[PDB]
Amino acid sequence: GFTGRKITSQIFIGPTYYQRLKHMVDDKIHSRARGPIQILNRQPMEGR
DNA sequence: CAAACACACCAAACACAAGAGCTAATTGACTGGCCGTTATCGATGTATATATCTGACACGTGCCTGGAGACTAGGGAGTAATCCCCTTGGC
């Protein structure tokens, strides 16, 4: 794609049926900096 | 015979079962006794609405008193003539 030179090996390309799972990235990314604390033991909370 | 320890067996518990990471949803106490507030039922009225009886005013009927009508009886009031007493009038 970049230079326009043929690829020495012959790639294997064709139609094929692909799915998409629900595991998006934005639903898993998480971070913390001195968030809310628990009431029993004064430690950070659990769960995104 | 009684006491020491050892062994095999039976009976009784302890603690562990990798690192974690994300998401969802089921549970949101309940009869009863009792006090405290408040809603309701009840009496004890006084105020207002209506019914009965009494009093004053009004229209109407009435009993009673006095007044009025037609008719009568018979005599009181009243013309027409007369006398002559007496008054007005006179010198």
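Count the first sequence with the entry's author numbering and you get residues 1031 to 1078, in order. Even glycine gets a Cβ: it sits at the ideal position worked out from N, Cα and C.
Beta bridge counterpart(s) of residue i as assigned by DSSP
| i | result |
| --- | --- |
| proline 1074 | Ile1067 |
Same chain, Cβ closer than 7 Å to residue i, five either side skipped, listed in chain order
| i | result |
| --- | --- |
| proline 1066 | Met1075 |
| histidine 1060 | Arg1078 |
Contacts around residue i, its chain only, beta-carbon distance under 8 Å, and the 5 residues preceding and following it disregarded
| i | result |
| --- | --- |
| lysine 1058 | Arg1078 |
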